[PDB]
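The numbers here are math on the coordinates, done by the rules we state, and not lab data. Here the Cβ is made from the backbone with ideal geometry for all residues, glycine too, and neighbour counts use every protein chain on show.
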Amino acid sequence: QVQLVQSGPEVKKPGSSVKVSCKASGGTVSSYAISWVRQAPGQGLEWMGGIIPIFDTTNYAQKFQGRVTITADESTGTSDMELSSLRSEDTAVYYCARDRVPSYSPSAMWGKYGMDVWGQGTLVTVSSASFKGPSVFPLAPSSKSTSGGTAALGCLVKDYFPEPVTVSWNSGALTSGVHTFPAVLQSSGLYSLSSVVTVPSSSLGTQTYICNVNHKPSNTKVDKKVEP
Amino acid sequence: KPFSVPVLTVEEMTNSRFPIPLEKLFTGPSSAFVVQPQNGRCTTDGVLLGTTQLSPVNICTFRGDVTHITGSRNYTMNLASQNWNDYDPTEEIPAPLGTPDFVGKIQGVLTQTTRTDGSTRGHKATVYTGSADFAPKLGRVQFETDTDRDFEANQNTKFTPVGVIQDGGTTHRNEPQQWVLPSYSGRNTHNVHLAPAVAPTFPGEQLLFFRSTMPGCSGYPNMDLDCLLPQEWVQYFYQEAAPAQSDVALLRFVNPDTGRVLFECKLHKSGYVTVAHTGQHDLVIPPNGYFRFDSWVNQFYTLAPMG
Amino acid sequence: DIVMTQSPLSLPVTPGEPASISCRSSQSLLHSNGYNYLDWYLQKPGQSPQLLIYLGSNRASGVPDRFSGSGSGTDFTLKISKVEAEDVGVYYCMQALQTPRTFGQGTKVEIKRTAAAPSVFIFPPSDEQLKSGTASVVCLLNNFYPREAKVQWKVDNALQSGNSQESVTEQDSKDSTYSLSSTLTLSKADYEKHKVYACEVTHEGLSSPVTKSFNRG
């Protein structure tokens with residue numbers, strides 16, 4: 001049946017605005033209450049507001065009244081969510097969702113209930129930082145690794161913006177034992193993470209280990225050979 | 001906007017409680033039963049009541065997907081809306097609009113289409129609206145069929161009503177009971193948001209019923225079906241939305257070709273008709289006659305007797 | 001606004017065991033029509049939220065029978081009769097009675113297992129990074145359970161505070177363990193001034209804390 005497909009990721013400066021779309025595909029949702037829900041990195045889910053497209057009746061949570069407007073096509077139910085005067089705290093994934101039953105029938109409470117069709121989400125990053133590819137430094141394995149059967153090595157992927165970054169090892173051939181940690185936002189406004197892998201100690205002198213970092217937002221691919 | 005009623009003869013109009021034409025006018029005493037139909041309920045200014053909706057082809061029809069009850073020829077229909085949207089039980093109505101409003105065994109045909117190839121199928125089916133399995137307000141209706149195998153799951157299934165049946169081994173005409181409302185929630189709780197019961201509250205007056213004969217499919221069923229308003233009157237009042245200048249509209253049944261008035265009646269604002277008569281009587285009328293709104297009258301208007 | 005309160009916020013579950021999640025509202029969610037306007041949602045890792053229960057106790061289409069919702073008024077419960085691995089994620093309750101719709105904090109369901117000690121590794125800053133004028137020291141805690149771990153940095157036996165950031169992976173699907181990085185950030189000058197860089201790890205799977213260290217150079 002119908003699917004909700006949202007627009008791609010966004011990176012905005014504070015004080016700017018963003019308009020995220022939620023296209024109805026394989027059907028129409030115009031007679032349903034369509035809610036917009038967001039998830040900040042540290043928080044859970046928060047209902048921002050909604051629209052019933054065929055009525056053009058909106059409802060907005062107090063937190064967002066005056067800075068969010070939701071519009072929608074009367075026939076398809078495709079909707080837009082525009083959030084203005086953006087701040088750092090608006091950095092979040094934004095979802096559109098449809099109630100399970102429509103809000104119109106032929107013949108203090110808004111819409112219905114049971115949001116059962118959800119968009120895939122839209123990441124909105126709000127920051128004063130500028131785009132920057134990461135610097136990739138080696139996390140060299142201990143020279144003392146042979147006394148152990150297992151050695152750990154990795155790569156420090158430092159000072160990039162925005163998310164996300166992709167890290168593979170040996171061009172994707174090495175997947176077992178790889179841990180690519182969630183990035184941490186530094187005080188500088190840039191992201192940083194480490195990617196590590198555990199390998200047999202006896203493979204250090206024989207096998208080559210290269211971390212492949214792809215930062216698609218900046219069109220930056222950088223490799224780093226990790227040497228003992 | 002002046003109030004009016006359609007210029008349509010009885011035979012040109014449709015019963016509002018079953019998808020069949022009107023046949024005749026009947027009056028009789030209604031003190032021995034509760035007169036509370038939910039279909040064919042509409043105020044003279046166009047407010048639909050009970051389970052009343054606008055088209056008569058939707059009365060007593062069901063839509064949804066069916067689940068076989070294993071070890072039987074019975075299926076549970078998980079109701080969809082008329083739109084094939086999911087069912088919503090939170091609407092301020094007694095049941096989906098057009099749900100049957102009498103207890104009886106309604107026989108019809110269950111049809112189904114397989115979405116992927118367009119293959120179709122149809123089987124005789126009966127719904128027993130007096131059973132606890134009849135819970136359309138909760139979104140489920142049970143059908144007894146001729147098959148235990150042919151209906152597929154998760155495919156659009158529709159019930160088309162045809163008529164009513166009766167177990168001929170019991171007292172003939174003991175069912176259906178047109179004045180016994182179903183339990184829309186399968187006997188779990190009270191019916192809700194009902195159109196009120198109606199009763200003549202003027203001495204010597206009785207309800208005037210717009211009567212049809214339901215098709216009988218088996219046995220010896222009571223096939224009389226009385227509605228309080230023709231469906232065309234419901235459709236007309238909804239479209240016109242003419243304000244009621246009093247509680248009581250005075251109607252005259254008129255032969256348009258001789259101008260002769262055969263009787264007068266009261267069309268009550270809440271949507272039912274009374275006549276001055278005592279006893280059961282099939283009205284003998286010229287088939288070309290129609291109802292004509294003449295004036296708004298007060299509560300103490302005495303009707304000319306209906307001979 | 002109606003305040004929705006979930007309990008517990010963290011729920012490690014054993015596959016095969018039942019699980020129960022509580023949700024309380026600041027006022028009654030029972031409508032005059034007899035329905036409780038309470039939904040349950042599940043957000044599996046890396047996915048959009050999905051509907052589990054609507055109107056208090058109605059299972060959504062396709063939801064397996066092991067999920068059930070009950071309760072009334074201000075007290076509600078989501079029950080999983082038998083937890084399966086695919087049930088991990090964050091569960092949310094949500095009232096739909098009044099606008100704005102409000103969620104509970106969320107209950108994060110993860111897999112319970114016996115304690116597994118972290119294997120600790122320490123990495124000095126690379127020579128490449130040192131040229132750019134900053135130094136990051138990386139301590140790795142690999143494949144441990146439970147998630148709770150205490151990581152203290154010592155530099156020449158002086159306990160560090162406020163100059164390190166932690167990051168932890170999501171639970172591994174095969175061994176149900178976590179991994180954790182603790183990164184000590186120093187100026188190149190502060191780094192070269194000192195000699196002993198130590199990472200002390202305290203964890204319930206360790207009989208005694210584990211320290212990994214290196215001497216600069």
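Figures for the structure shown
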quantity	calculated
Estimated inter-spin distance, B:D294 and B:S55, nm [label 7 Å along Cα→Cβ]	3.8 nm
Shielding of A:42-48 by partner chains, average beta-carbon count, 10 Å	6
Estimated FRET transfer efficiency (C:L159, A:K19; beta-carbon r; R0 45 Å; 0.05)	0.35
Cα pair count fraction exceeding 19 Å, expressed as % - the range C:119-215	41 percent
Between the range C:23-69 and the range B:66-104, the Cα center-to-center distance that results, in Å	22 Å
For the range B:229-276 and the range C:125-141, distance of Cα centres in Å	92 Å
Amide proton proximity set for B:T113, modelled H, under 5 Å, gap of 5+	B:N156
Separation in nanometres of the label points that stand 7 Å from Cα toward Cβ, at B:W84 and C:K82	3.6 nm
Convex hull volume of chain A per residue (C-alpha atoms, cubic angstrom)	155 Å³
Cβ-based exposure ranking for B:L303, C:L78, C:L206, in which fewest neighbours within 10 Å come first	C:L206, B:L303, C:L78
Two-site label geometry, C:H31 and A:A140: point separation in nm, points 7 Å out along Cα→Cβ	6.8 nm
C-alpha center-to-center spacing [the range C:171-193, the range B:15-57] in angstrom	77 Å
Sites B:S31 and B:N156, calculated FRET efficiency, Cβ-Cβ separation with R0 41 Å, nearest 0.05	0.35
Cα-based Rg and Dmax for the range C:12-68, where Dmax is the largest Cα-Cα distance (Å)	13.2, 39
Degrees separating the helix B:231-240 axis from the principal Cα axis of chain B, which is the longest one	70 degrees
Share of Cα-Cα pairs in the range A:135-226 lying beyond 14 Å, as whole percent	63 percent
Residue-span extension gain [B:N174 to B:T258] - 0.36 nm each, minus C-alpha spacing	26.0 nm
Sites A:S75 and B:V7, calculated FRET efficiency, Cβ-Cβ separation with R0 35 Å, nearest 0.05	0.40
10 °C / 1.306 mPa s Stokes-Einstein diffusion coefficient of the range A:1-93, Kirkwood radius on C-alpha pairs, µm²/s	116 µm²/s
Rg/Rh (Cα only; Kirkwood hydrodynamic radius) as it applies to the protein assembly as shown	1.15
Sorted by Cβ density within 10 Å, fewest first, the residues A:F55, B:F151, A:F64	A:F55, A:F64, B:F151
Prolate/oblate/rounded call for the range B:59-171, Cα gyration tensor, a/c under 1.5 rounded	oblate
Coordinate range along principal axes, alpha carbons of the range A:114-179, Å, largest first	56, 35, 21
Rule-of-thumb Rg ratio for the range C:4-111 [Cα; 2.2 N^0.38 Å; N residues]	1.00
Least to most buried among A:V101, A:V68 (fewest other Cβ within 10 Å first)	A:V68, A:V101
